[PDB]
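Let me begin by presenting the structure, written as structure tokens, before commenting on it.
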Number of protein chains: 12
Amino acid sequence: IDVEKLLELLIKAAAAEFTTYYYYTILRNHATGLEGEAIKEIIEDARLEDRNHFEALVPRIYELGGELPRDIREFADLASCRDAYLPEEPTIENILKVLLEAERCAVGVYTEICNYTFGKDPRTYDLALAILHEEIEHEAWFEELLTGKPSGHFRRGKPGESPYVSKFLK
Amino acid sequence: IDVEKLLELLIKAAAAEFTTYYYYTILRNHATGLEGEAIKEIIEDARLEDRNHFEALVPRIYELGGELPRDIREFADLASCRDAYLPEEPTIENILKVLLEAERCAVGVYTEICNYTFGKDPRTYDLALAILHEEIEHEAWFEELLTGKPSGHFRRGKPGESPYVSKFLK
Amino acid sequence: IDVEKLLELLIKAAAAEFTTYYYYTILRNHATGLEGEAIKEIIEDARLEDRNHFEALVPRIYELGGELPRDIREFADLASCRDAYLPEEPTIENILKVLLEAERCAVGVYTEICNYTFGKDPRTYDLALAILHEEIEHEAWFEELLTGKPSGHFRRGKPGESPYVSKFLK
Amino acid sequence: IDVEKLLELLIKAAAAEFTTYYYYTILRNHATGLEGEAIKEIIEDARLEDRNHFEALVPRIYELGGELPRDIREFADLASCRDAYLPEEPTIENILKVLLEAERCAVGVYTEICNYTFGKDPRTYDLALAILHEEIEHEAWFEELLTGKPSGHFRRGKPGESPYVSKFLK
Amino acid sequence: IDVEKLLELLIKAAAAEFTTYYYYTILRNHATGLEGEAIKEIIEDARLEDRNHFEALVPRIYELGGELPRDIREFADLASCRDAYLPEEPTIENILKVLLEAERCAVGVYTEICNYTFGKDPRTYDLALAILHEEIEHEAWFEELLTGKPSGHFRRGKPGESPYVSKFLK
Amino acid sequence: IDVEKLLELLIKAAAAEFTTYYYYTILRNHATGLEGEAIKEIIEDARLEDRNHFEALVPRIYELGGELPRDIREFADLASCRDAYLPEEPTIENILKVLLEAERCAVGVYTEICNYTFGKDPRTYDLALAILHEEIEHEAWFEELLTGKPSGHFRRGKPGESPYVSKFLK
Amino acid sequence: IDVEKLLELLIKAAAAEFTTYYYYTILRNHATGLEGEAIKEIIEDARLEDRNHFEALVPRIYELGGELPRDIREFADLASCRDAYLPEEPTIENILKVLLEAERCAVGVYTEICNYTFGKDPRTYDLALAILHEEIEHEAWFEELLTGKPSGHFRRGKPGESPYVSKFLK
Amino acid sequence: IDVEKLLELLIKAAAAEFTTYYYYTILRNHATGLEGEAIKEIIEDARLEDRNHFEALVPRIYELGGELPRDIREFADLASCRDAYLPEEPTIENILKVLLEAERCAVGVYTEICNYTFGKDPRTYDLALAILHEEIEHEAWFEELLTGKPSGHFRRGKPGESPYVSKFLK
Amino acid sequence: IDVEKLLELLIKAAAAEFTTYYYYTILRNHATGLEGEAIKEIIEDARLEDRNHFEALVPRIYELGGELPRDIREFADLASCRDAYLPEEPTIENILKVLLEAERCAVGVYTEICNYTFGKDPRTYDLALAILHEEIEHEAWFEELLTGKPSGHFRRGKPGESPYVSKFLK
Amino acid sequence: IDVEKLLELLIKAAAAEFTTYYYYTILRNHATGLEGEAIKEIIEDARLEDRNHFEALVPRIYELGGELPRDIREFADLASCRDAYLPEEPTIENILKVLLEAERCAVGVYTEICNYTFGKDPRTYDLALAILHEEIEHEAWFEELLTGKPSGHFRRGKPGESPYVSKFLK
Amino acid sequence: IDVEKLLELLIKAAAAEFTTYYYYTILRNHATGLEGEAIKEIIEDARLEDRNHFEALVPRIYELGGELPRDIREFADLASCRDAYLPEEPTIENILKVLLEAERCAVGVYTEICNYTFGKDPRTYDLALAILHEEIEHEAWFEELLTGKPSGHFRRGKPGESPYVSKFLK
Amino acid sequence: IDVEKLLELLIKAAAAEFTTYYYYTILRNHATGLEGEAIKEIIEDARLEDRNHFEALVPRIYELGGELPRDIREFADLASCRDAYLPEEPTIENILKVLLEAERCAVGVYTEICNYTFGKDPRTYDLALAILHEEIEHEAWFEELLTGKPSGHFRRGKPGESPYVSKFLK
Ligand SMILES: [Fe+3]
Ligand SMILES: [Fe+3]
Ligand SMILES: [Fe+3]
Ligand SMILES: [Fe+3]
Ligand SMILES: [Fe+3]
Ligand SMILES: [Fe+3]
Ligand SMILES: [Fe+3]
Ligand SMILES: [Fe+3]
């Protein structure tokens, strides 16, 4: 395993988590009205769990001998996802499209890390897998709200519960 | 009191509870989209409480000298309600119609048992009454969602709380 | 309703509960060996719940204008059940026979009170019913251990939980 | 069962509970001095439980197809008890007389509802019974403080515990 | 500071809180259907917190040497807000208009008290401020639901949490 | 150490605890009126802790090879204290005299056991000491209420807390 | 990975879990007598955890685009294990044979799913693995009771704890 | 703001809190008899909260660059209140007079600090205000017990709860 | 009050909180060795509380009609503090200098907002004050570690406790 | 008191506790079958409490200026009990004989230490006594299971509760 | 036993505890810098437990018929230890010397009381012993920090836990 | 997979865990002085988690048909790590070298087991992985303390939390 290549993937993943924390704050605040009320708590669940993903990734980056970029702006520029900007027409439907697109990219990011580490870096693989569980659930929440695809998921107990990644959290 | 007749009523009631647990799982998974989100947690509350009703009925059936049928398929065939099948056109409105119909039949089932045991089998009456409380509440939830009849009910604290039947639960 | 007659029934019921608390202590201590270990916790559950039944009955006796006898020996003499003496040959089998006989008498006592108060003294009826729930469960525990009659009961959560009478307990 | 007649009884009962919440606030504040300190917590227990009784009655009124009056002043005028006014000479003794009189009327109100619904409306009967338990206890508290009639009651665990009606509370 | 003038403001504020508790009960019960489900829990949060505001105001009124009116009808007549009557056409939209209007008046009431007590009665100011926090949040909830104005608020943890006024509550 | 003599002391102590549980129930119920309210919770604390003392003593009696008497009436006759009968004139003052006398005898009983076992039976000594702590506190509560002797004791946290003997309780 | 083939395996696994919930209820009720008491709590632990396995499998089936069968009888017919029927001679020994056989088949089912998904569907693999942990423990419990094979397992904390699959449970 | 002058006020306030902790211990121990029992818990509430006030003041004194006096006797001499000595005739009435006088002086002390810091030292003002809340409540408790002035206050939940100053406590 | 000017201050304050969350993560990771261990938990306390400050500020910004910047890089550029960069020579001493400088700037920021809103915007003032409490404590922690100035502060209970701002947090 | 002699006793006691932790693990794993199930939880209770005894003894050994042996094999050789080897014929009966013999030796060990320290080293005596309580209970559990001697003991609440020695545990 | 002599010892012990509470506050505030951070929490643990020791001693002093001195300055003058003054050169090393000296004197004080009461006043002996446990632990903490003597002690769970004396605390 | 070879690896791993529990006890006791205080809690965290690793490994060894060695000395001789002896010069620096060396060997041990079981024994692999998580964290703690390598780890919540292996613990 090329640790420099792995470190680059993890730092880019961490940057996506960190910026998602910011951009979902804005998206949550614009989920207004009666139909917005249907999704506000779901955005908040995802936002807090993505903050937890950042918290879980940083110790592994340092364990592997990497470091966060010195400047926060360089960090944000590294995000492996496009910024989840508020849509120009911020209807509930357009907000859900942004959320679903962001979550699908996240699922891709951790699938890539899992594929790269499978049978080589077991701790990193297990961390990538734990986050992948939560991203697949996030994607399911938003795909159900937007397209009506059936799913067997509920809201979390508490927001930010992170049932899969909590074993990595302090 | 004819204990064989009473045992038949209780086993048929238990079969309705057990199959409801299965069929509400399907109905919950199809409560999708923005308007589905309004009812998903309510279906889940009812589903878990109906599972509790099955758990509460089985000890009384054995106390009275009855037994569950040997085969699960014979048990399901005994249910005193029609199966709450997913509608052919599974809109939220059609799903609510199935739920309301199932809950109205349940209210009828336990009203029948209460009438049969009133002043004769106090333990069985009190158990039937406890379940009846929860079925009347279930019926109220779905009638409010579907027809707009005013009601003073909320969601449970936790799903499956069963405030009335919990004294019968282990 | 003849309140003096009702008071006599309740005081005799309370005396049976109180003495059961003493006699089950002895029976529990003699449930020894490997097969005794199977029943020790079940005796302890019943003993603590019967202590709770005494605690629940005393406020109702005073509400109705009755009182406990001045001397504890007169109280014990009033018990509506025979004393659950340790058997002369205190095998596990003989101990279970004593327990089952005591619980069957208790079920009879509260059935009598429920029949007397049904549709006349609702508070007393509901208290008698709550205790009756627990006595029917106690009888079921011991009949299952002794005769092998199937039952759907477990051990309590905690000993002395009294799920049915706790609403009457301080 | 005449549902209109039953609805009238329940709404009048609810009005008595609601106004009691207000009037007991005043009575509690005037239970001053060293002897007032003996009863302040008891008034507060009763006040909070009577607020719970209002909360428990409203869902049943709507379940039965009734509604609260449009104006709060019309609601207060419906109370099935006389207003528990602060006495002109607000000594502790006179305050206890007001409390005892109010609680005796409450016991009468729910006894009437239980008698009307016994064996006809099991859910309403069980709700009336649950409240009746707490009113009989309230009456016992104040009769003991005022007349010295022995009783086996304590203060609640927490104020407003409502051990009997909590299964009806959200 | 004119304590009589301040007492009048606080009693009128308390009357508005108390009647809001009644009128929001009715409004909550009429938030029916799928779109009603979006707001029912929000009305219930506000209703329970406004009940807490009444509870917080009464001790301060008595500390300052005031008292509640002898009759509940005189109390209700003092409310510094118009009664939040159910609209003649009780659609969700019309119900939200009533709620928003009531909350805007409440914000005005406590702003007036804060302005009157600022730098003069620190305890009263801090109490008025604590309630003002919760009224501004209530207004934000309903303005977001009705007009779509963005906001960063969620549902409470538990209904009636009152995070700002709880330090004044017993 | 003469184990037969020690067993006799412990069984007589256990009998005093058990009968105290009964007699304090009566005394608590007669602590009525405004001045009775001052002592009711204190009697209840002592009553529940004396029940705990019985529970703590029985395992040690069996560990030492003793046993409870076969009949409850023989057990009661063994009590090392006089029965705490309700006074012929059951004023609060006379009730306190009975309580204080009973607690002073209890302090004597466990002082005797501690003296007999000191430096000989460490487990029994430590159990006697633990109960002695609670009896000295019980005596202090009642001597303060009756004679006005200053003391630094409060009510327990919860009734029956038994802070000293709980390590011996199951 | 052939998702249709995987969906078939998961639905058959879910059907086995669901029917096990029913059949273990019967088996638990027939674990009577003194030797039955040794296994009743162990059956109940397994029964509740197998109910949890059904709950964990359903969301994954829907995530993968599958669905539960429309009719409960078709679902039961799909179970990848033979029905755990009560034996014709329902001795404790024969009941244990049924339990052990059912658990060994379950271990086989999830081993098959793990083998099929290893390095291909990480979320499904991890879910299959979590259930496999609990089935291997279930098999160990019953093999120890029946054959005396040493094992280092205890009862769960609470029944239905599901320590391995709880991260998948709502 | 003259920080030396402010430091002098805060140290004198801290000294009053610290000595109150000692002197209320004595006063609590002399609140004996039946009427003493009415006030013992109230003294204990005030005593523990005044200990909390000392704990809250010390960090602010050090933040502002002050320090506690080197010797405890010099500290005690600085107290901004007269020592709450046990009265020469320590009746309950005379003890209440001492308590009320001490609490009125405390209210004055923190009113002075609030006036001095208003709009100048916001952290110190908020701390002074938090303590002032609790002193006004303490004064209300004792004025109600002594003079019979109506008040809307209860006992704390737990003694030493300090609902207003707890945010300053570690 | 100029709401546009106030909104600018609050958004700049929020940006400082958000970037502090990032930069303190880096600083915490470089507090290594035996002397680093002394400060790691203190940095983590401050970091989590500053994250809470961001969470508390965002709802107020939206209440006042402001919004977060569309892009995260524009947000970071608005921070009213200089970025707390890791020092070129990252000794513990140099890290503490960065922390102290950042906290002193934060104290200045909220002092400015409090001065601007005092007696004009009570909700905003109270929020600014709550954050100011925590910043003054943060400054005290680091000044004590670096310069040895005495202070009366401890570590928090849990990291991120935010005792002063929690009433603003969801 | 000869501290070197005392240190030798305590280190030998600690070695017996430590090795018991290992050997009871093996014995627990061989308590198989239906009759093994009766004792498995009892062995586990004793094993965890003996681990606690080791934890409690080590601080006292260091307080007294002693130390653990450098090598674990020398430590094990010091154990004041014979190793509790699995019997050559590991029936439940033979396993109980090993357990009872080990516990009787433990009771002897702490009786010796108590006798040596009585009235000389109060801290050490109290620690020896606390452990002695638990060893006498352990001996009672196994003597009851093996010989049928009556006893008044139950299982612990949780395994490893150590009610007597917990005050010495961190 | 000479109770006057014993009372003098206990009052002097209580005075030492009370003044230690004050003087350790100062010492804690001067444990600054990186090496001060190592001991601040340990001083705080000892300070809060010594406050608990004062609370535990006062009830026993009153039980024995003693009383606290009328004036706090006379109380402080009675302390059986020298005042733990801040050193003229308040380095961490010099502060530890003061702490160790104070704790060694405390160990001496309670050793004296234990020796005086051994086999004469069991309640007082047990209280002295409980405090002695905690003083020996306090001495161990500071001797380890100062001289490097090995010890097996940790920080408490929570500060002021007082595991040995809590049974004496309200 | 060669189960005999796997059993040998697991037993050797278990022996290393068990002896680490002993040797870290000694190392913790010698982490004295001001710089020792920095690491004492970290050693204790690792020690308790390594005890948990032993507890987690034993059930798997028995599941696979292995057994612990009959004698504890043979078990200790099997440890796959060298004994973590106290250094001849037990400075903090030398103690950290021993700890780091022991943890690096542990990381190697579980890496070997994971490599051997990957894709062959999923339950054993997952157990080895869970322990590997905790060993990598242990190694990180000590490498940071000794060499100053940056890391993102904290102390555990509670000592012995074992967040990764707890799902395997009873
Ligand atoms: Fe919706
Ligand atoms: Fe058994
Ligand atoms: Fe009183
Ligand atoms: Fe009183
Ligand atoms: Fe009183
Ligand atoms: Fe350090
Ligand atoms: Fe068994
Ligand atoms: Fe340090």
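Identifiers for the structure tokens are assigned positionally: chains receive A, B, ... in sequence, residues are indexed from 1 per chain, and ligands are indexed from 1 in the order shown.
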- Message: Let's see if you can do this: from backbone DSSP, list all alpha helix (DSSP H) residues in segment 37-162 of chain F, as a ChimeraX atom specification.
- Response: /F:37-63,72-77,92-117,122-147
Could you take the residues named above and write them with C-alpha atoms, as a PDB file, in the first residue's frame?
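Output contents, as saved in out-v7.pdb:
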ATOM      1  CA  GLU F  37     -47.365  15.607  58.980  1.00  0.00           C
ATOM      2  CA  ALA F  38     -44.064  16.635  60.575  1.00  0.00           C
ATOM      3  CA  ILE F  39     -43.243  13.031  61.568  1.00  0.00           C
ATOM      4  CA  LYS F  40     -44.973  10.767  59.022  1.00  0.00           C
ATOM      5  CA  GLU F  41     -42.004  10.658  56.633  1.00  0.00           C
ATOM      6  CA  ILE F  42     -39.596  10.098  59.524  1.00  0.00           C
ATOM      7  CA  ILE F  43     -41.575   7.087  60.759  1.00  0.00           C
ATOM      8  CA  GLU F  44     -41.639   5.755  57.203  1.00  0.00           C
ATOM      9  CA  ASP F  45     -37.852   6.119  56.867  1.00  0.00           C
ATOM     10  CA  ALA F  46     -37.331   4.176  60.102  1.00  0.00           C
ATOM     11  CA  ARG F  47     -39.919   1.523  59.188  1.00  0.00           C
ATOM     12  CA  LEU F  48     -38.334   0.728  55.821  1.00  0.00           C
ATOM     13  CA  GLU F  49     -34.814   0.656  57.258  1.00  0.00           C
ATOM     14  CA  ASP F  50     -35.926  -1.731  60.008  1.00  0.00           C
ATOM     15  CA  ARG F  51     -37.376  -3.974  57.309  1.00  0.00           C
ATOM     16  CA  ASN F  52     -33.920  -3.831  55.684  1.00  0.00           C
ATOM     17  CA  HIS F  53     -32.364  -4.838  59.010  1.00  0.00           C
ATOM     18  CA  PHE F  54     -34.484  -7.995  59.074  1.00  0.00           C
ATOM     19  CA  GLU F  55     -33.372  -8.730  55.500  1.00  0.00           C
ATOM     20  CA  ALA F  56     -29.728  -8.218  56.458  1.00  0.00           C
ATOM     21  CA  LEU F  57     -29.902 -10.413  59.574  1.00  0.00           C
ATOM     22  CA  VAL F  58     -31.480 -13.519  58.008  1.00  0.00           C
ATOM     23  CA  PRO F  59     -28.498 -14.504  55.783  1.00  0.00           C
ATOM     24  CA  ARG F  60     -26.101 -14.213  58.726  1.00  0.00           C
ATOM     25  CA  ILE F  61     -28.365 -16.393  60.893  1.00  0.00           C
ATOM     26  CA  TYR F  62     -28.278 -19.098  58.218  1.00  0.00           C
ATOM     27  CA  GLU F  63     -24.524 -18.672  57.606  1.00  0.00           C
ATOM     28  CA  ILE F  72     -44.469 -16.775  62.658  1.00  0.00           C
ATOM     29  CA  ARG F  73     -46.124 -16.479  66.083  1.00  0.00           C
ATOM     30  CA  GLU F  74     -43.149 -18.111  67.810  1.00  0.00           C
ATOM     31  CA  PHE F  75     -40.895 -15.725  65.879  1.00  0.00           C
ATOM     32  CA  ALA F  76     -42.830 -12.666  67.061  1.00  0.00           C
ATOM     33  CA  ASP F  77     -42.699 -13.913  70.671  1.00  0.00           C
ATOM     34  CA  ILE F  92     -48.391  12.800  68.345  1.00  0.00           C
ATOM     35  CA  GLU F  93     -46.533  13.246  71.630  1.00  0.00           C
ATOM     36  CA  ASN F  94     -47.510   9.779  72.878  1.00  0.00           C
ATOM     37  CA  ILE F  95     -46.653   8.218  69.522  1.00  0.00           C
ATOM     38  CA  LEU F  96     -43.180   9.775  69.669  1.00  0.00           C
ATOM     39  CA  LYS F  97     -42.681   8.322  73.158  1.00  0.00           C
ATOM     40  CA  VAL F  98     -43.412   4.834  71.800  1.00  0.00           C
ATOM     41  CA  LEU F  99     -41.040   5.358  68.873  1.00  0.00           C
ATOM     42  CA  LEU F 100     -38.211   6.693  71.038  1.00  0.00           C
ATOM     43  CA  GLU F 101     -38.571   3.823  73.513  1.00  0.00           C
ATOM     44  CA  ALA F 102     -38.496   1.260  70.693  1.00  0.00           C
ATOM     45  CA  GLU F 103     -35.396   2.824  69.125  1.00  0.00           C
ATOM     46  CA  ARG F 104     -33.551   3.017  72.447  1.00  0.00           C
ATOM     47  CA  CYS F 105     -34.169  -0.688  72.973  1.00  0.00           C
ATOM     48  CA  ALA F 106     -32.872  -1.390  69.450  1.00  0.00           C
ATOM     49  CA  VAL F 107     -29.685   0.584  70.158  1.00  0.00           C
ATOM     50  CA  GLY F 108     -29.242  -1.562  73.261  1.00  0.00           C
ATOM     51  CA  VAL F 109     -29.764  -4.806  71.318  1.00  0.00           C
ATOM     52  CA  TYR F 110     -27.063  -4.136  68.742  1.00  0.00           C
ATOM     53  CA  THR F 111     -24.686  -2.676  71.322  1.00  0.00           C
ATOM     54  CA  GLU F 112     -24.989  -6.013  73.142  1.00  0.00           C
ATOM     55  CA  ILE F 113     -24.236  -7.974  69.956  1.00  0.00           C
ATOM     56  CA  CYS F 114     -21.269  -5.740  69.073  1.00  0.00           C
ATOM     57  CA  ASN F 115     -19.852  -6.172  72.589  1.00  0.00           C
ATOM     58  CA  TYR F 116     -20.253  -9.946  72.370  1.00  0.00           C
ATOM     59  CA  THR F 117     -18.597 -10.286  68.955  1.00  0.00           C
ATOM     60  CA  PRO F 122     -15.663  -9.939  62.519  1.00  0.00           C
ATOM     61  CA  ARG F 123     -18.425 -10.454  59.937  1.00  0.00           C
ATOM     62  CA  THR F 124     -21.162 -10.519  62.596  1.00  0.00           C
ATOM     63  CA  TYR F 125     -19.616  -7.556  64.418  1.00  0.00           C
ATOM     64  CA  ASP F 126     -19.552  -5.511  61.212  1.00  0.00           C
ATOM     65  CA  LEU F 127     -23.188  -6.383  60.492  1.00  0.00           C
ATOM     66  CA  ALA F 128     -24.240  -5.504  64.052  1.00  0.00           C
ATOM     67  CA  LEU F 129     -22.275  -2.255  63.738  1.00  0.00           C
ATOM     68  CA  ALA F 130     -23.925  -1.354  60.421  1.00  0.00           C
ATOM     69  CA  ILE F 131     -27.378  -1.802  61.946  1.00  0.00           C
ATOM     70  CA  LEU F 132     -26.263   0.052  65.089  1.00  0.00           C
ATOM     71  CA  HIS F 133     -25.363   3.087  62.943  1.00  0.00           C
ATOM     72  CA  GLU F 134     -28.921   3.213  61.634  1.00  0.00           C
ATOM     73  CA  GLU F 135     -30.540   2.653  65.045  1.00  0.00           C
ATOM     74  CA  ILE F 136     -28.497   5.468  66.608  1.00  0.00           C
ATOM     75  CA  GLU F 137     -29.695   7.704  63.771  1.00  0.00           C
ATOM     76  CA  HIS F 138     -33.311   6.563  64.286  1.00  0.00           C
ATOM     77  CA  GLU F 139     -33.030   7.321  67.997  1.00  0.00           C
ATOM     78  CA  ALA F 140     -31.592  10.754  67.174  1.00  0.00           C
ATOM     79  CA  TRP F 141     -34.488  11.597  64.808  1.00  0.00           C
ATOM     80  CA  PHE F 142     -37.123  10.827  67.422  1.00  0.00           C
ATOM     81  CA  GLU F 143     -35.272  12.357  70.387  1.00  0.00           C
ATOM     82  CA  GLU F 144     -34.947  15.589  68.417  1.00  0.00           C
ATOM     83  CA  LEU F 145     -38.660  15.624  67.544  1.00  0.00           C
ATOM     84  CA  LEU F 146     -39.754  14.823  71.092  1.00  0.00           C
ATOM     85  CA  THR F 147     -37.304  16.507  73.485  1.00  0.00           C
TER      86      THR F 147
END
- Task: May I ask you to extract the residues of chain H within 8 Å of chain K, using only C-alpha atoms, and to give them as a PyMOL selection string?
- Result: chain H and resi 19+22-23+26+68+70-73+76+85-86
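The coordinates place atom CA of residue 27 of chain H at 10.7 Å from atom CA of residue 151 of chain F.
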